[PDB]
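Shown next, in structure tokens, is the structure this report addresses.
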Amino acid sequence: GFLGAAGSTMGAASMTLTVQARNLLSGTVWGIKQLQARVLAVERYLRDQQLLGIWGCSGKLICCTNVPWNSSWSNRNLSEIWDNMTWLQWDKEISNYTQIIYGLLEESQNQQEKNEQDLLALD
Amino acid sequence: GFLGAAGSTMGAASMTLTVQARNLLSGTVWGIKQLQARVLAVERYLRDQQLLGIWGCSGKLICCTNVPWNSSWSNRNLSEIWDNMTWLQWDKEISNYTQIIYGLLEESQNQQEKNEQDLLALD
Amino acid sequence: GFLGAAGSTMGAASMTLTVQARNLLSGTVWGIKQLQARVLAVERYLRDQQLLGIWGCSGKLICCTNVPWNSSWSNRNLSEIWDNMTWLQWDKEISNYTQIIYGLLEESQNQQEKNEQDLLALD
Amino acid sequence: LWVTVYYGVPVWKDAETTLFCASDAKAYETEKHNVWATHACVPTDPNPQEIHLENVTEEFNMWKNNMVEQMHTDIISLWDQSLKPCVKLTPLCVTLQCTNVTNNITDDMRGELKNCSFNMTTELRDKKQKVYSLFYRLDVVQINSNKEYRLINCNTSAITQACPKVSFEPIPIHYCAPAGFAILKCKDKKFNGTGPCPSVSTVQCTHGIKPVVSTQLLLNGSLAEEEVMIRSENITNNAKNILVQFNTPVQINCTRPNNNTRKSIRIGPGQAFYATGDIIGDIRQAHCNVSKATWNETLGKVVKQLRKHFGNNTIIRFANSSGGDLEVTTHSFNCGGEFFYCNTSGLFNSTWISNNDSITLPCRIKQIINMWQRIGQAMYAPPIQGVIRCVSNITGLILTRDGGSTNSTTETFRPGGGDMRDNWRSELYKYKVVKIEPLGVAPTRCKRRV
Amino acid sequence: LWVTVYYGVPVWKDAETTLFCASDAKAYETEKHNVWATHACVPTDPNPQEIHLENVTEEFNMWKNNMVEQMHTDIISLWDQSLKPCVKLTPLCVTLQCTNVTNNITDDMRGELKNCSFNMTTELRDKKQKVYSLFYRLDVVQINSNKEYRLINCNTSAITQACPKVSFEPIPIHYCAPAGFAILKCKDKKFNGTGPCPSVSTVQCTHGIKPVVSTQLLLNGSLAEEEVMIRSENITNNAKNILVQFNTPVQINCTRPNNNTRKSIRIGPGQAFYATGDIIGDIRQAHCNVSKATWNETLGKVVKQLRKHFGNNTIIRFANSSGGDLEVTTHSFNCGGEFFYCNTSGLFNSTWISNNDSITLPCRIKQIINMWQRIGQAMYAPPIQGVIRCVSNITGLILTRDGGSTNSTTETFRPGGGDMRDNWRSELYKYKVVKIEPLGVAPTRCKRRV
Amino acid sequence: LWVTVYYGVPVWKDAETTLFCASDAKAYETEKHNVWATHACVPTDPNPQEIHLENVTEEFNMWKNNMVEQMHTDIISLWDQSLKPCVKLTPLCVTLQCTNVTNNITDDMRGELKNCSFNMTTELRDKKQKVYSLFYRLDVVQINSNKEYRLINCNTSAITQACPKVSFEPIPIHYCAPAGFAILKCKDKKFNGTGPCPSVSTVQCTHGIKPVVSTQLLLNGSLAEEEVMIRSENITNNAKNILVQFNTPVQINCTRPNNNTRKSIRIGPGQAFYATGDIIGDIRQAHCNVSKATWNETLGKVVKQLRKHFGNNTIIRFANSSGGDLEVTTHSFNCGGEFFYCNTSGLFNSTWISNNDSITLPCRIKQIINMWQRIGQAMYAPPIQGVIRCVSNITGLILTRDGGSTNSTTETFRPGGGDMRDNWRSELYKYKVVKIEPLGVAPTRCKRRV
Ligand SMILES: *[C@@H]1O[C@H](CO)[C@@H](O[C@@H]2O[C@H](CO)[C@@H](O[C@@H]3O[C@H](CO[C@H]4O[C@H](CO)[C@@H](O)[C@H](O)[C@@H]4O)[C@@H](O)[C@H](O[C@H]4O[C@H](CO)[C@@H](O)[C@H](O)[C@@H]4O[C@H]4O[C@H](CO)[C@@H](O)[C@H](O)[C@@H]4O)[C@@H]3O)[C@H](O)[C@H]2NC(C)=O)[C@H](O)[C@H]1NC(C)=O
Ligand SMILES: *[C@@H]1O[C@H](CO)[C@@H](O[C@@H]2O[C@H](CO)[C@@H](O[C@@H]3O[C@H](CO[C@H]4O[C@H](CO)[C@@H](O)[C@H](O)[C@@H]4O)[C@@H](O)[C@H](O[C@H]4O[C@H](CO)[C@@H](O)[C@H](O)[C@@H]4O[C@H]4O[C@H](CO)[C@@H](O)[C@H](O)[C@@H]4O)[C@@H]3O)[C@H](O)[C@H]2NC(C)=O)[C@H](O)[C@H]1NC(C)=O
Ligand SMILES: *[C@@H]1O[C@H](CO)[C@@H](O[C@@H]2O[C@H](CO)[C@@H](O[C@@H]3O[C@H](CO[C@H]4O[C@H](CO)[C@@H](O)[C@H](O)[C@@H]4O)[C@@H](O)[C@H](O[C@H]4O[C@H](CO)[C@@H](O)[C@H](O)[C@@H]4O[C@H]4O[C@H](CO)[C@@H](O)[C@H](O)[C@@H]4O)[C@@H]3O)[C@H](O)[C@H]2NC(C)=O)[C@H](O)[C@H]1NC(C)=O
Ligand SMILES: *[C@@H]1O[C@H](CO)[C@@H](O[C@@H]2O[C@H](CO)[C@@H](O)[C@H](O)[C@H]2NC(C)=O)[C@H](O)[C@H]1NC(C)=O
Ligand SMILES: *[C@@H]1O[C@H](CO)[C@@H](O[C@@H]2O[C@H](CO)[C@@H](O)[C@H](O)[C@H]2NC(C)=O)[C@H](O)[C@H]1NC(C)=O
Ligand SMILES: *[C@@H]1O[C@H](CO)[C@@H](O[C@@H]2O[C@H](CO)[C@@H](O)[C@H](O)[C@H]2NC(C)=O)[C@H](O)[C@H]1NC(C)=O
Ligand SMILES: *[C@@H]1O[C@H](CO)[C@@H](O)[C@H](O)[C@H]1NC(C)=O
Ligand SMILES: *[C@@H]1O[C@H](CO)[C@@H](O)[C@H](O)[C@H]1NC(C)=O
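Okay, structure coming up:
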């Protein structure tokens, strides 16, 4: 269900990716209460949708990138993350590099990628 | 024009796909009247955009899927649908399976698909 | 920065494509002042996002098309545009054909394209 | 076969939603400090699109059309919100020292006015103001030395004056659907307002509808094409209203044949009450004229149509109102900002089996009114000096039918109304709101890749 | 390894946001012209989802939960916006010619009412109205020939009457998070409201919470599971309130044993003041009953729990209020639209070392109140004729502890409260709002193409 | 070549839109129950970004800049919405029994105050209150036994008092564009406000602008860089205002050399009128000081600049106001919550061909004002006891030019103003709003696939 795998491992929590993006939308004062909330609800959806878009993905759920993992980012092995760890605990670590990693995606990639495609599309 | 082929056949109504998605956006009380309406107008756009996204399409207009057609879904032949029928009359039939078919798209496909791509992308 | 290359050449201004789409979102009366503004802010984002979508792109930044350039559109050579000109000065020219060119993208292409793909996907 | 999703498919279904309004570019230019409501609305489309939906049949129900209800609630709110920053007359409830019109020679309509002198507040909380005004009988009621009087609302509600800046003058209003929604418009000539339409269109906005508030007679509305048309919720239910739409308009000429005086009485600070000064002219009861021959041509055409519902050769009777509140026993409407109440006995008094000057209605003017059966906001309309004349098109009727049947033998019809929702229906009958759902999923021989 | 973005990951963190309300389908059907607020809210979910978050532990803090604050501000606004279109009693500040109850035989509660005759405005600004009403001592204050009196708010604020249409009757209200946000719900049986929860769930809406306004005793709330539970912000801080939640409910039976009269006094135009007519019955002080044995079972269970915090074998003392505003020195609540103020000395007067009829509280009724420490909107509740009785469940307490320690020797407890925020906390303790951020980025052996 | 769409291209064009405000973090901490408006605004950006637009030239027009209009309408609304929950003084229109200042020795400014005794309402609708206050001549007007007086607004509008909680004290306000829009900022040192800017920037917010309301002299504004700068809509149109911006600020020292008394008069229930008690001090006309030498240095620099527009060697004359409403014939402003009206004859009285103590302005204080040419909301500012002193920077002027030419011979200048829109322009001159359109389509040798 909603936040079903929230406590499961990150590799297991990859199954509930469909549930989180699904319920992320849901379709005289005291009526404006819900208005201003559901306005922000849209804005929160589009923030991530734009980030997802301006990066190497723009398709939802999963995408890969050409950014190499900086191993000072608190490195653990592939079995020490997906099958040893939960996403919330994971967000409790890379929180510092979150703003840092995001930048490498939008500029260092898609601006590089789609311009790399410009000079190779001319023929 | 707007709802031009609404009365034509489903195969013919596939031509007016461009007109429907186009005009689907259009760009002190009594001003909030239009506000709350045009807020919902956005929300209605994003509901379908998200469904379209979380399914095997995310590109607009047309997409295919790997879900086989359950022939108890009120089966008719390909000439008995596209060239014999109108979309409204068609929506007057599968209305029951609408909520049912939609589910097979988001979970049984993209969660299956993009995870099927995960283990084949590692090499 | 924001509108950094706004004065540079169109070929140079292609580098700041990432900055413009980024800051295009940013995340009792006198509170509704910001509300109605940020509502329209969403609507302005989705207008272009839909146009971008219904055309041959739907991925952001750059896309190409199968529409041939009508040379009465105020033709200049490829060195007389990208490396000789600024985008604002460029928008000061094709402003007439803007509404005209946009139409060839949504209908004459994607409605043609994705239907051309329909009859070739059946096998 | 495989499921295939299609975006932007022509799918819709009946729905109710919140609409928006349009009112030209011309209705804003009128200004005069926001006449009616048009201050926040957006412009009407110069080139409104009406698109015929080829080979489309759709069911409509004019009696269960939420557009009607939305308009009703809007105009209520509009009235409510336009009278609030205006002058508030609550101190105007004061013992009224009042006599009959002094008259002269001789007697025709006697007590239509009073001379009412009252102690009133000035700008200041100290010294009173002993001054007077003119008032109609419908405005003022006696309660028991000369006779003693008070305002007719004083035991009912709260009075506050229409601001002289704004103006009650219908303008055309279009109602429009937001994105994702559409208005369907039935174009068949003969249509009773309920059932399947063969020529259906979609529009962004309705036609321009003047929110004309009136009873018994529908004024300045749309006429039915080629033939007078009858619309009713249940023809055998004597409790249900019957709406009539004409083919040919009937001119109606009304006048207030009294030049008047605007006497500004200062009940400050800042609040200015406009009193009725005197009468410049002979003392004349207003009246409305209809062409007898024209009215008779209309009645001939209306009766024949009614027999198709009530059966082939029956007696059709027209009679006056059965009783009830003043709002429903007269033809009420407004002219030059003034409220007319007209006796329609001369209009509804005829018997038609299957096989020429002026009709004058003895109208009466009331100044204090509270429509829409609201109790607790009273409104006062200040006198508009000068000769008041207006000319309108009678374009429809609101009628009722007697219940004592006579069920296959004869039918009797009387003017009726009172529920203003019926007025809106007569214009909105051809419209309904639907929501769009651009998704649809369909089988075909296409499948996606691995 | 390469960075990989994942959309819709179960990530959240504490956040404060604007919530929305739900109130069944049944709470709208009640109608009576919008009882409480439910006019704009959306419906409660028929099948609310509560999802256990497997293997999830989350920290909660009931004392720093913005849901509590939002509810508080909402009900303030609600009260504020529901009394504005209603009758405004500002002219009711008038010299009150007032005597004691005439009484008869003999003396029990004497001055609980007055007979107050006052000059008052009619519909009109001319002739006065010399008429009277009944008023409680808590309503009216003397200021210095018979004694002279005035309303107790007249030097404080502005009076305006509760509209007889609406009704102060708590209904269950659910609070819900918008999209992108979620409510987490702690399900551990023994939970003090602050710390890590082992059984956490997520819900769209809270349970239905009746916004019962009361002091000293919590009524009709949720009870703690298996055992009486104690919640306090700082047990060693004598300035901090202590919230108690019971396991077993205690029935409380209250009555206003006086049939009354609704005497409608017209202070127009349109404004109708409902006066208190007379007493039909014997003149009886209201009262609330609790079962002595039941109350005693409760006190036995409450004391034992307190010793776990204050240590093993110490004396626990219950005593009455220390003083302060009337709102905090009595148990205040409402019944049948009427405001009760009850002496709780009989409830809080016992000493418990470590090892049967009715309790009657001498309540008093006030009609003029201004809660939430607001100064400048006064409210008047009109009399509700008839026998007024109510039965509630005492489900919790708001207590304070003396500061003169006696720190390891004995403890003394007194009823307290006054900050209504503490009432909301007792139901919302198990909820907190968090925001969702469906992005997350992770290393793996996948890289994209050229 | 083939069409290629590019998203996020640096395209913009002039547009008008709805802006939002920012006001630091410090302007909220001020509190005092929401001083000015800052209660709903968002915080200013700590690190505002101003980005130079390299090699960009843009046309600006400070006279047709909708930012100015939006600010104007906002501050109007602000004033309107901040005086509504406050005390309403409508009963204060009462016959005023009023004498001159008794004076003593001898005569300097005589009738600047009155002693006004009036019958007033208490908390109650019965017994009056015979009490008094002090009032300025500008506040009160006579109408024809000692002389009889009334408030100057009583025939104009409705009075209601500024709530003593809030405070009219400009704070810096930034104006900001929402997403999809941007503010362009011209940075050229010499710029008249209309034409092409060579150093253009984009910002999220304007600089912090104090909404200082004043006439004739601009106070605490921005100064022009290196040189005094002149800005006018049409230099040859004698009907157009001329805005002057200084390079060097001029200190202005004002004082109300009277200790005062706040006498709280209760006009209840709940409404408390603050009367003016008495004078503690000698009876002294307020005054504003400017340094003669400093003022003279300024005038020297201002005149030379004017000759570049009016031609090389002409006579420049400064003279006092030509007449008109009090708002434009004095330098008006506020200090310590009090409204000063200052005679500027001593400031504008000089003749400058091409080749030291204090200036004292005989100010007058009015308490009742209604700015923005609004008729129907009056406002009363209560006395602020104590010595009132303030010091401001004169940073600009609003001037007019005589039409009787003398067209190439000489020019005469007088202080002017009255349209407060001109005040906002002097700060906003370097800003304009534009909308962004991230689409653009361009030819290249790239085409897509089949
Ligand atoms: C069904 O439809 C018909 C026609 O569509 C409609 O008839 C109209 O009646 C209204 C009155 O109810 C008329 O409106 C008034 O007309 C007079 C006369 O207008 C003449 O001049 C204009 C040129 O301006 C000509 O085009 C026209 O043909 C006439 O020769 C005007 O004087 C009235 O103006 C006043 O009212 C306005 C709106 O209320 C105000 O904005 C305006 O300021 C005026 O108010 C003030 O005027 C004075 C200041 O000078 C002041 O002293 C007064 O005290 C007052 O406060 C008004 O426009 C309208 O013209 C008629 N239509 C036509 C085509 O002539 C029926 O009424 C309608 N049926 C129903 C039931 O409504
Ligand atoms: C803790 O929780 C308990 C129970 O959950 C609660 O007890 C409830 O007390 C309230 C009073 O405060 C009761 O509400 C009133 O009940 C009487 C009697 O109801 C009988 O009839 C119904 C059938 O309709 C039976 O189901 C029921 O069991 C009883 O036998 C009603 O007469 C009252 O109606 C009036 O108030 C309504 C709301 O305020 C109005 O909508 C309604 O129109 C009535 O108002 C008017 O009525 C007359 C018109 O006929 C008019 O003349 C009057 O002047 C008046 O203006 C009201 O519903 C409620 O029933 C009790 N609960 C139960 C289960 O019986 C405790 O109060 C609560 N604790 C606290 C502190 O609140
Ligand atoms: C152009 O710009 C200049 C400077 O930028 C500006 O000068 C300022 O004038 C205003 C008055 O209009 C001054 O504001 C008042 O200042 C006094 C004195 O402040 C002293 O103390 C502070 C420490 O707190 C020192 O930092 C400062 O330097 C002074 O030594 C204050 O006493 C005033 O407080 C009252 O007003 C506040 C806002 O209105 C209220 O929030 C506050 O509660 C006070 O109100 C009440 O106070 C009493 C309660 O104790 C009560 O009894 C009173 O009746 C009253 O109701 C106020 O802050 C400001 O300080 C000056 N600026 C500087 C730097 O000193 C010019 O005015 C400006 N030009 C124009 C035209 O505006
Ligand atoms: C409405 O009809 C009445 C009656 O037909 C008209 O009254 C006439 O008025 C004129 C002059 O005012 C008199 O000379 C006639 O004697 C009246 N009666 C008749 C029968 O003509 C009235 O003028 C008409 N009003 C309008 C506006 O046409
Ligand atoms: C609450 O308790 C009091 C006291 O126990 C009850 O008062 C009794 O009332 C009856 C009839 O009204 C009398 O006959 C008794 O003498 C009273 N006292 C006792 C001790 O019974 C009162 O009735 C109770 N109220 C309710 C609603 O139960
Ligand atoms: C503003 O200027 C006037 C006049 O220059 C000053 O008035 C002086 O006040 C002092 C004491 O108040 C007297 O001793 C002087 O005789 C006055 N006149 C002169 C010429 O000095 C006034 O003090 C100044 N105000 C401020 C705040 O500086
Ligand atoms: C609780 O109160 C005590 C003193 O009563 C104080 O020392 C302590 O810091 C407070 N907070 C705690 C214990 O978290
Ligand atoms: C300025 O005013 C002059 C006359 O004073 C007029 O001729 C001219 O058109 C106006 N506008 C300009 C110069 O732009």
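Chains as they are written, first to last, in full-length UniProt numbering: chain D, 518 to 544, 566 to 661; chain F, 518 to 544, 566 to 661; chain E, 518 to 544, 566 to 661; chain L, 33 to 176, 186 to 396, 408 to 502; chain S, 33 to 176, 186 to 396, 408 to 502; chain B, 33 to 176, 186 to 396, 408 to 502. For every residue, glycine included, the Cβ atom is placed at its ideal position computed from N, Cα and C.
Buried or exposed by the 16-neighbour rule on C-beta atoms within 10 Å, applied to residue i
i, result
"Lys159 (chain L)", "exposed"
"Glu90 (chain B)", "buried"
"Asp171 (chain L)", "buried"
"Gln649 (chain E)", "buried"
Integer Cβ distance of residue i from residue j, believed to fall under 8 Å
i, j, result
"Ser242 (chain B)", "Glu48 (chain B)", "No, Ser242 (chain B) and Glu48 (chain B) are not in contact; Cβ-Cβ is about 20 Å, not under 8 Å."
"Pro42 (chain L)", "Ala538 (chain F)", "Wrong, their Cβ atoms sit about 11 Å apart, outside the cutoff."
"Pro211 (chain B)", "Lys251 (chain B)", "3 Å"
Within 8 Å, strictly: CB atoms of residue i and residue j
i, j, result
"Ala72 (chain S)", "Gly569 (chain D)", "yes"
"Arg303 (chain B)", "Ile417 (chain B)", "no"
"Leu491 (chain B)", "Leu660 (chain E)", "no"
"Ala203 (chain B)", "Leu110 (chain B)", "no"
"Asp474 (chain B)", "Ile440 (chain B)", "no"
N-terminal and C-terminal residue of the beta strand (DSSP E) that residue i is part of
i, result
"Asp46 (chain S)", "44-46"
Host alpha helix (DSSP H) of residue i (start-end)
i, result
"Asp586 (chain D)", "570-592"
For this session: Can you give me, in chain order, the residues of the UniProt region "Immunosuppression" (571-589) of chain F that have a beta carbon less than 9 Å from any beta carbon in chain E?
Result: In summary, the residues of the UniProt region "Immunosuppression" (571-589) of chain F whose CB is separated from some CB of chain E by less than 9 Å are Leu573, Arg576, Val577, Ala579, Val580, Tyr583, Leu584, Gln587, in the order they occur in the chain.
For this session: For the segment 140-158 of chain L, enumerate the residues whose C-beta is nearer than 7 Å to any C-beta of chain B, in chain order.
Result: Per Cβ criterion, the list reads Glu155, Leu156, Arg157, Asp158.
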